[PDB]
Number of protein chains: 2
Amino acid sequence: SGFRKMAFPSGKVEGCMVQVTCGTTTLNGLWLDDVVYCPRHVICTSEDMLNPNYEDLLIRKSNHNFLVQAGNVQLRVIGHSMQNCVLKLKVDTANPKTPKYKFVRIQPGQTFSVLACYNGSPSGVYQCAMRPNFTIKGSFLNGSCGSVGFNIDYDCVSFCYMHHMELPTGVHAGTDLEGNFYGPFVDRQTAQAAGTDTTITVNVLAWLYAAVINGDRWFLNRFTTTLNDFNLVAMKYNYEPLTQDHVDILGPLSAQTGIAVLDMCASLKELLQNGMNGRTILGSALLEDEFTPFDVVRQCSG
Amino acid sequence: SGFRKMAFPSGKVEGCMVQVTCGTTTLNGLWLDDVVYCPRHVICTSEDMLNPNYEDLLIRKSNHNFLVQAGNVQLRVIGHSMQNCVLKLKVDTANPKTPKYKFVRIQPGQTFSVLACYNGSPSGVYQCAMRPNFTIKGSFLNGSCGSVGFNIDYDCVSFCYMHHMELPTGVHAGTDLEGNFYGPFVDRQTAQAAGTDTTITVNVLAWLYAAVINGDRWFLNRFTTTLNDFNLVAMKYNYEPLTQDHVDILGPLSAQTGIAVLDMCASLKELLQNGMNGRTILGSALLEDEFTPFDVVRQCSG
Ligand SMILES: *[C@](O)(C(N)=O)[C@H](CC1CCC1)NC(=O)[C@@H]1[C@@H]2[C@H](CN1C(=O)[C@@H](NC(=O)NC(C)(C)C)C(C)(C)C)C2(C)C
Ligand SMILES: *[C@](O)(C(N)=O)[C@H](CC1CCC1)NC(=O)[C@@H]1[C@@H]2[C@H](CN1C(=O)[C@@H](NC(=O)NC(C)(C)C)C(C)(C)C)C2(C)C
Ligand SMILES: [Cl-]
């Protein structure tokens, strides 16, 4: 038994991380095939950061202003390009450690493993959720930019996030690997709002299912509810409205616990309404929304 | 900014995990040099498990009863040995992916990265603390046995845990890599007590320091305390008694926050005494004791 925030093994992604220096700025790059991907603001000075014209700024840059290092090895850039908010640096060598990979754009409520790097060196790995407001709550210091988020499905790495910037609270924004920001963010040092974040209701139910499977049952109750009734007690508490896919996606967990999704929704209502009263579920004194149904199935089966 | 439970990158350890089958039992092995290490209870039947004589049970086993697989490759065992509660299977091939490594026995209150495996395949990575009672709170299903816990210092893997068994609550016990159990546990399916677990006070202070560094200050208070006075309010609340090394180890964090350790101890007392009143510190509604001072320094500096 036991239930933990667990990241995918990071090995396949370690061999893809390089260092990228342009002028004074150094940060992380993803080297797949003959292409290093990194955030385009590696070309900015402290000053440019306030209101950059990236086209103009990049014109002043030539292949030899881009210092790509892979441990001790340096890579000949033979082509620079911009795709939205990322730099593609075409290099001479194909990364021999290149894994089967894809670039996917993940949807709000989905999770992925971040391999946080500094100077092209991986320092650690943890799981994030894409929040409904398209922020993440990570651990990213100066130098962390260009670190990536990924899923491993089969033997195939699905790259879905690259880190760009930090927002007031301590929350992170970044791009997919084609360089489109998740959410309304631009790579400019100028006031931008994240706006209201809500709880991923289906993930909270997935987690209650994980609780029951590990024996934590105390919150399980005699009552039930309707979808409408509950979903009016959701929005009250800023929770993503529960749909019928959400029900059908909890099937495997409903199936394994022999607990109907709507019985479980009624246990949630009383915790939203009566709090947790100083009790814990799975070592946590609050409701956890950063595990998907699949995250729970993967961990609670094998 | 940001502060997360972060595991070391798992790559160096992925290339060391093999499958080990004896009779019906299959579990995980650590292949370093010409030696595969695994739990010795791979030789037991469901029945043997209740009261094994390992010496006697192992005599009936010969090199060819041990089926070691590394993905699709099979390894010729040319020597079986028992060191306390682990099997050393001498094989023909030296693991070419063998990293600089050491075997260390970690002390209660220290943390390490678990790479959880099934059938010799890594499925995920997370951080654990060796609890004061020498249990961990992991995520280990049938097949997880032989999964290892490690630190990466410099380029050198320090192997410190191998998973053997689960204790009532959902808590895990295992050995160092010489095969000595942490704590009073024996590899026999017979009633054993963990007995009373206490909170790693120095780790809770390290975490309050991480909070302050990320801006969460509300619990910071005007008061101070003595070491004796606080340490009498510790044991009340089952907390490891705070020593002067603990003070001197918090130096780097005291140094960076400009907050004396004993001011911080007085903030802790009021949270132990007045609870958290529905507020959160670093996204948690309870006091976190599974980050060491070094874990916090590593993450909060680079
Ligand atoms: C990286 O680029 C890096 N080199 O690691 C860096 C990581 C952060 C954490 C300290 C620096 N990110 C940025 O520098 C990022 C780049 C400029 C400014 N950036 C910010 O993240 C800024 N945030 C910010 O301005 N936020 C709001 C936009 C005003 C909402 C910081 C204030 C955190 C520096 C750009 C192009 C946004
Ligand atoms: C592994 O050996 C494995 N193959 O993965 C396994 C993992 C656990 C999780 C389900 C099985 N561990 C054991 O089988 C372990 C081996 C026997 C019995 N084991 C237990 O962990 C048992 N615990 C237990 O008996 N606990 C107390 C000791 C009575 C305190 C289980 C009941 C969990 C099976 C041995 C040699 C202890
Ligand atoms: Cl919590």
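Basis: the model, the stated rules and, where named, an outside source; no laboratory instrument gave them. A quick note on method: Cβ atoms are made from the backbone with ideal geometry, for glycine too, and the neighbour counts reach across all protein chains shown.
Test residue B:193 against the stated conditions and say whether it is hydrophobic (A, V, I, L, M, F, W, C), free of Cβ contacts under 8 Å to residues at least 24 places away in the same chain and away from ligand 3 (no atom under 16 Å from the Cβ).
Working: hydrophobic (A, V, I, L, M, F, W, C): yes; free of Cβ contacts under 8 Å to residues at least 24 places away in the same chain: yes; away from ligand 3 (no atom under 16 Å from the Cβ): yes.
Yes, satisfied.
Considering the stretch A:53-93, and only residues there that are of a type in the set (A, V, I, L, M, F, W, C) and under 27 Å from the mean Cα position of the chain (by Cα), the residue that is nearest to residue A:180 (Cα to Cα) turns out to be A:85.
When the stretch A:197-219 is limited to residues that are away from ligand 1 (no atom under 16 Å from the Cβ) and assigned to a loop (DSSP other than H, G, I, E, B), the one that is farthest from residue A:107 (Cα to Cα) turns out to be A:218.
Considering only residues in the stretch A:11-30 that are touching a residue at least 40 places away in the same chain (Cβ under 8 Å) and within 14 Å of residue A:149 (Cα to Cα), the one that is nearest to the other protein chains (Cβ to nearest Cβ) turns out to be A:14.
Taking first residues from the stretch A:272-297 that are within 21 Å of residue A:249 (Cβ to Cβ) and partners that are polar (S, T, N, Q) and outside any helix (DSSP H, G or I), the Cβ contacts under 6 Å between residues at least 6 apart in sequence or on separate chains come to A:289/A:199; A:292/A:111; A:295/A:111.
Take residue B:66 and decide whether it is within 16 Å of ligand 2 (Cβ to nearest atom) and either touching a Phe, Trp or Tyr at 6+ places or on another chain (Cβ under 8 Å) or at negative phi (or both). In short, yes.
Can you confirm whether the stretch A:278-301 contains a residue that is within 16 Å of ligand 2 (Cβ to nearest atom) and in a loop (DSSP other than H, G, I, E, B)?
Initial filter on the stretch A:278-301 (within 16 Å of ligand 2 (Cβ to nearest atom)): A:299-301.
Now drop any that are not in a loop (DSSP other than H, G, I, E, B), which leaves none.
The answer is no, given that none of the residues of the stretch A:278-301 is within 16 Å of ligand 2 (Cβ to nearest atom) and in a loop (DSSP other than H, G, I, E, B).
I'm trying to understand the selection: among the residues of the stretch B:137-163, which are surrounded by fewer than 23 Cβ atoms within 10 Å (Cβ to Cβ) and either within 21 Å of residue B:201 (Cα to Cα) or within 16 Å of ligand 3 (Cβ to nearest atom) (or both)? Within the stretch B:137-163, just B:137 meets the criteria.
Screening A:97, A:61, A:90 for residues that are touching a helix residue (DSSP H, G or I) at 6+ places or on another chain (Cβ under 9 Å), in a loop (DSSP other than H, G, I, E, B) and away from every other protein chain (no Cβ under 14 Å) leaves exactly one candidate, A:61.
The single condition among (1) away from ligand 2 (no atom under 14 Å from the Cβ); (2) farther than 30 Å from residue A:139 by Cα that residue B:43 does not meet is (1). Reported count of residues in the stretch A:220-261, each being part of a helix (DSSP H, G or I) and not small (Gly, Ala, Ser), is 20. Assess whether residue B:3 counts as being within 30 Å of residue A:138 (Cα to Cα), within 14 Å of chain A (Cβ to nearest Cβ) and away from ligand 3 (no atom under 16 Å from the Cβ). Considered against the rule, which asks whether it is within 30 Å of residue A:138 (Cα to Cα), within 14 Å of chain A (Cβ to nearest Cβ) and away from ligand 3 (no atom under 16 Å from the Cβ), residue B:3 comes out as no.
Restricting to strands (runs of 3 or more DSSP E) lying wholly in the stretch B:134-186: which have 3 or more residues that are within 11 Å of chain A (Cβ to nearest Cβ)? Show your work before the answer.
Working: elements: B:148-153, B:156-167, B:171-175.
So the answer is B:156-167.
Yes or no: residue A:294 of a type in the set (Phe, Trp, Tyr) and touching a helix residue (DSSP H, G or I) at 6+ places or on another chain (Cβ under 8 Å)? No, not satisfied.
Flag set for residue A:86, criterion: outside the structural domain of residue A:147 (by CATH), crowded, with 19+ Cβ neighbours inside 10 Å and touching a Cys at 6+ places or on another chain (Cβ under 7 Å).
When residue A:57 is tested against (1) surrounded by fewer than 21 Cβ atoms within 10 Å (Cβ to Cβ); (2) farther than 27 Å from residue B:116 by Cβ; (3) in contact with a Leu (Cβ under 9 Å, 6 or more places away or on another chain); (4) among the hydrophobic types (A, V, I, L, M, F, W, C), just one condition goes unmet, and that condition is (3). If you go through the stretch B:90-146 and keep only what is among the hydrophobic types (A, V, I, L, M, F, W, C), within 16 Å of ligand 2 (Cβ to nearest atom) and at negative phi, you end up with B:114, B:115, B:116, B:117, B:128, B:136, B:140, B:141, B:145.
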